[PDB]
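> Any chance you could fold what I've pasted below:
(3 chains)
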Amino acid sequence: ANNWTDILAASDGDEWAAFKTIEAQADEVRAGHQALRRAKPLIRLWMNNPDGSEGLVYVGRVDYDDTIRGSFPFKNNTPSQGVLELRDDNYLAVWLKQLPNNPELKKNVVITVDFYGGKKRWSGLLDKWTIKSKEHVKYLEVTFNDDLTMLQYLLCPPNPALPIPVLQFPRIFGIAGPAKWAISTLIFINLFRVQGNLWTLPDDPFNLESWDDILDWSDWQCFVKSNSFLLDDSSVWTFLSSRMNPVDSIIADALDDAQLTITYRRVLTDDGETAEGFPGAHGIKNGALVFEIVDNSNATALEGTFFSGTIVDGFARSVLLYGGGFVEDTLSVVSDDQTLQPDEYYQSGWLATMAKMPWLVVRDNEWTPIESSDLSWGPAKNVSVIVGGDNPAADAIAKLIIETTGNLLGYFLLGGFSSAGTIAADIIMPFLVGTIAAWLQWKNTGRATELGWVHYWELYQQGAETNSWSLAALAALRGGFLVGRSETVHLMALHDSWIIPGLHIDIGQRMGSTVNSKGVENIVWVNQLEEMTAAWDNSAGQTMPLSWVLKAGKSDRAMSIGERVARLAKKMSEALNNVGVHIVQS
Amino acid sequence: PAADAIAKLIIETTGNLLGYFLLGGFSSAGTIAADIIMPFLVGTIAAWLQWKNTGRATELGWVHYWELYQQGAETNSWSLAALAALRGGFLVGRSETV
Amino acid sequence: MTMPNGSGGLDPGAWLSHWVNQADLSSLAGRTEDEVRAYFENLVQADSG
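Numbering: from 1, shown residues only, chains lettered A, B, ... in the order given. I have put the structure below:
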């Protein structure tokens, strides 16, 4: 804390000298920021232990200058593919090529790309490699899948705590609780099951006093860290249901509705990194993956967050207000905003964006450090949603057999079939399957008010789990209304802007952006960051330095046709699996 | 289907319930029943086949993708040929060279 | 798929509402053949028709 008087005294009463001192300090801080922004990435390949033990084993390092090209995207709750092109004379390229036919090696490889000294990390398993010939010149194009693909291969059986081919009761597994706790708990229960179900599950997995200290978790390749059921600060709850559904498909709707983010970190204990906050966090091996559900948007918080703003008065704080039945949520602006700044904003060397106080607004004008590719807005579509089908609470097959045959036998013993005088008691239940309270229709009053006289009427929505709406009516309706809403998406390319992706702003964290277009110069579009790709090309023909491209917000409308088809195909395949497993045998 | 086919769920459960009723099970809970709850356990008894490929695990190592659910071309045939269904399921995620 | 209210978002009258886990995950290992069989035998005995 060098005061102005102290600086002036050090400069011997010369105001110009003192201000030059201050300017030099500011210049050195700016230079440090620029060096951090322009630092080269650290690409390292690791392998499984050939003897079959735990802990990833260091294979080698690829130099950024020795790459041909690279592309690594970070996406919000979505798996992404990283691409790295090498010359075939490169030693790691040779190692990868010899890997398939090397009998002394395990076939799985992990890439870790570190930006800003490991603060930002892209880690993923090898997907494949290809030997490609450009004009008789051969190069190895290596494709990795980011570490969020493990949630596709993790699936939740109806009873994750019992053997699967023996008895899986009930028909579907349903867990309800605070959103972050329930998502993390589902992931942890499936991790426990797939690691072997060796020990007994306590009531709350994340109540660390319930787990014995003698237990060894070092063989686990994946961990989940979360707070306990009582200590979880998630304002909203969630109901997750599964019948052998993949975990990511189970949790996608809840993550979207609560605006939560899945963060994965591969703990390289060879680099000195440690982990804490989950069972067995002290004995984890090198390269073990850790998952954490975070609230980077802070939209559901009590104090709210920034949903809009203008370039002349900054952001505007709004809080969610829920209407009748909590299906509908609107925004009420905080007229007298008195939220305190985070304590992190008063710490030297801090650069991140706190969820409660977003700060990053990226302005586009005649002199702009970024380029804005496209900003697209689209209104909401359907005022009402219908979700349903059959209601098992009324016409389950067990009821249809037992209760109806008992009622028929009672009617028969009273003599109803001998003469019609007797009054029956529900002997026609099998005739009304799928008709009694089989649907839920909700009209979004806020959406209708926003849309007006001419609007699309209704949409039928089938959930990820086909027979869970009766368990959670409200969750089903909210998941249905997740589909046809107002959508804004903005594409930015940060060429030499002072913004440092990962450091200044992270995935899932709200930021504002402007577009230099007449009529919306003042407006700031506030979206939670959804994608950021770091790409480079070292080719002689076209040479692109390592550059970041951001995509803030998401929109099904402006999504490309190929991506739309792929997403639809994935959802259709998952729904087909769910229906096929819910088929009743003849 | 070998456990909860609709024919079983109707005929066998109706017969068991009628026998329990004639013994007097619903008059007083003393009688011991014989599978009158089969319709309550539809899709839960021996409904799955899980196989872990030990050779694949040995090839891959400590870090690997865990499991995958596979639906056959004929949706009601795994009970007829468990081994064929498991091999057809393992046809999917294998090492590939082209 | 989120319930803005608490546990009141669930439906107590649903078919499988008794089997929805909130924080009692130790009961998952208790869903074996014998316990489920006893529960459903009790229900069938309590059947009214």
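
> And for the residue in the stretch 401-550 of chain A positioned nearest to chain B, the neighbour number?
Closest to chain B within the stretch 401-550 of chain A is residue A:401: 4.6 Å, counting by CB to the nearest CB. From N, CA and C alone the C-beta is placed, and that goes for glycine too. Residue A:401: 22 surrounding residues under other CB atoms under 10 Å in any protein chain shown.

> cool, residue A:114 as well?
With other CB under 10 Å as criterion, residue A:114 counts 19.

> Now do the helices in chain C.
With DSSP state H as the criterion, chain C has helices at C:33-46.

> Which of the helices or strands spans residue A:563?
helix A:561-582 (DSSP states H and E).

> Counting neighbours, show which residues of that helix come out buried.
Neighbour counts over helix A:561-582 (16 or more other CB atoms under 10 Å in any protein chain shown) mark A:574-575, A:577-578, A:581 as buried.

> And stretch A:415-428, by the same measure?
A:416, A:427.

> and stretch A:504-519 with chain C, contact?
No - figure legend: stretch A:504-519 not in contact with chain C (CB under 8 Å from any CB of the partner chain); closest approach 15.6 Å.

> chain center to that stretch, what's the gap?
19 Å (CA atoms, centre = their mean, to the nearest Å).

> Repeat that for stretch A:54-62.
With CA atoms, centre = their mean, you get 27 Å for stretch A:54-62.

> can you tell if it touches chain B?
Yes - using CB under 8 Å from any CB, stretch A:54-62 reaches chain B at A:54-56.

> Equivalent analysis for stretch A:222-241, please.
No - on the criterion CB under 8 Å from any CB, stretch A:222-241 is out of touch with chain B, staying 8.9 Å away.

> That stretch spans what distance, first to last residue?
Terminal residues of stretch A:222-241 lie 22 Å apart, using CA to CA, to the nearest Å.

> How about stretch A:478-488?
End-to-end distance of stretch A:478-488 (CA to CA): 20 Å.

> Identify the residues contacting it?
A:253, A:256-257, A:327, A:375-382, A:385-387, A:442, A:444, A:447, A:450, A:456, A:459, A:461, A:463-464, A:525, A:527, A:553-558, C:1-3 (CB atoms under 8 Å, 6 or more residues apart in numbering or on different chains).

> Just the buried ones out of those residues, please.
A:253, A:256-257, A:327, A:375, A:380-382, A:385, A:387, A:442, A:444, A:447, A:459, A:461, A:463-464, A:525, A:527, A:553-556, A:558, C:1-3.

> Just the ones of those residues in helices?
Going by DSSP H, the helices hold A:253, A:256-257, A:447 from the buried ones among the contacts of stretch A:478-488.

> picking that back up, so the helix holding residue A:563 versus helix A:247-258, what angle?
Helix A:561-582 runs at 110 degrees relative to helix A:247-258, counting by axes from the mean of the first three to the mean of the last three CA atoms, to 10 degrees.

> what helices or strands is helix A:561-582 leaning on?
In terms of contacts (3 or more CB pairs under 8 Å, 6 or more residues apart in numbering or on different chains; DSSP states H and E), helix A:561-582 is packed against strand A:245-246.

> change it to 7 Å
Helix A:561-582 sits against no helix or strand, with contacts defined as 3 or more CB pairs under 7 Å, 6 or more residues apart in numbering or on different chains; DSSP states H and E.

> who touches it?
A:243-245, A:249, A:462, A:464-467, A:556, B:69, B:71, B:75 (CB atoms under 7 Å, 6 or more residues apart in numbering or on different chains).

> next one: stretch A:464-472
Under CB under 7 Å, 6+ apart, the answer for stretch A:464-472 is A:172, A:174, A:239, A:241-243, A:245, A:249-250, A:253, A:387-389, A:391-393, A:440, A:463, A:476, A:574, A:578-579, A:582, C:3, C:9-11, C:14-17, C:20.

> Not counting sequence-adjacent ones, nearest residue to residue A:180?
residue A:293 (4.2 Å; CB to CB, 6 or more residues apart in numbering or on different chains).

> Next up, the contacts around the one you found.
Contacts for residue A:293 were tallied using CB under 7 Å, 6+ apart; they are A:180, A:183-184, A:226, A:260, A:262.

> Quick one: neighbours of the nearest residue to residue A:470 once chain neighbours are set aside, just the number.
Computed as CB to CB, 6+ apart, the closest residue to residue A:470 that is not its neighbour in sequence is residue C:14, at 4.8 Å. Neighbours of residue C:14 under the rule other CB under 10 Å: 20.

> before we move on, back to that, and the furthest pair within the contacts of helix A:561-582?
Pairwise distances across the contacts of helix A:561-582 peak at 30.6 Å for A:556 and B:75 (criterion: CB to CB).

> and residue A:25, how far is that from residue A:16?
Per CB to CB, to the nearest Å, residue A:25 is found 15 Å from residue A:16.

> Around residue A:323, count how many other residues there are.
Burial of residue A:323 is recorded as 12 neighbouring residues (other CB under 10 Å).

> check contacts around it.
A:330, A:445 are the contacts of residue A:323 under CB under 7 Å, 6+ apart.

> And it, its phi and psi?
phi -80, psi -160 (degrees, to the nearest 10).

> Identify the residue nearest the geometric centre of the chain.
All of this is about chain A. residue A:77 (2.4 Å; CA atoms, centre = their mean).

> Sorry, I should have been clearer: chain C.
Central residue of chain C (CA atoms, centre = their mean): residue C:18, at 1.7 Å.
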